[PDB]
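Encoded as structure tokens, the following chain is the form deposited in one PDB entry, with no partner shown.
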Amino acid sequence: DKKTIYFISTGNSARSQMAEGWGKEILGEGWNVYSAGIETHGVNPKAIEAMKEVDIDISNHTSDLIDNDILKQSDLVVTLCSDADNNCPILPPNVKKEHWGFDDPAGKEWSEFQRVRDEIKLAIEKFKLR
């Protein structure tokens, strides 16, 4: 009944955490939304703050390693950065893979966290309309 979308970044730090937050609110009904990383770098505090600003709570989120069982059951795996795209394991033939690249806001001014957060929102809204 419910389909599965899996957002992947290098360390499950910011872009993938914001994608999971937006995904749960926009695609909530018929979608199970998860996020993971090749490595675990912790949840960037600025990513939590960025989502709080748009009234989305991601304070309980964890930085998790990619799981083979979630990959096998995914309808769509979305990679958000180039290293994650190349390091993602070879997927089952029935699992679709898409690369939605977004700039890394880490170490940049707060305005870049705001910008990337909103670009991710628009990409997920475009996905909902498919």
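Residues that one form lacks are left out of the comparison. We call the rigid core the largest set of C-alpha positions that still match within 1.5 Å between the two forms. Each residue number is its position in the shown sequence, starting from 1.
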**Request:** Quick one: say whether 98-106 or 82-90 has the higher mean Cα B-factor in the deposited entry.
**Result:** 82-90
**Prompt:** So which stretch wins on mean C-alpha B-factor, 20-28 or 7-15?
**Reply:** 20-28
**Request:** Give the position of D69 by CA B-factor within its chain, expressed as the lowest, middle or highest third.
**Result:** highest
**Request:** Could you tell me which third, lowest, middle or highest, the C-alpha B-factor of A36 occupies within its chain?
**Result:** lowest
**Request:** Divide the modelled residues of the chain into thirds by Cα B-factor and specify which third, lowest, middle or highest, holds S59.
**Result:** highest
**Request:** Rank-wise, by C-alpha B-factor, drop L76 into the lowest, middle or highest third of its chain.
**Result:** highest
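The same protein also has a form deposited in another entry, omitted here; what follows describes it.
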**Request:** Using the rigid core as the fixed frame, list which single one of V54, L76, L91, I26 shifts its Cα by at least 2 angstroms between this form and the one not shown.
**Result:** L91
**Prompt:** Out of closer and farther, which fits the Cα atoms of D103 and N86 in the other form compared with this form, where the change is 3 Å or more?
**Reply:** closer
**Complete:** Checking the C-alpha spacing of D103 and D85, a student should find that in the other form it changes by 3 angstroms or more, with the atoms closer
**Asked** Looking only at residues found in both forms, which runs of 3 or more have C-alpha shifts of at least 2 Å between this form and the one not shown after a core fit?
**Response** 82-95
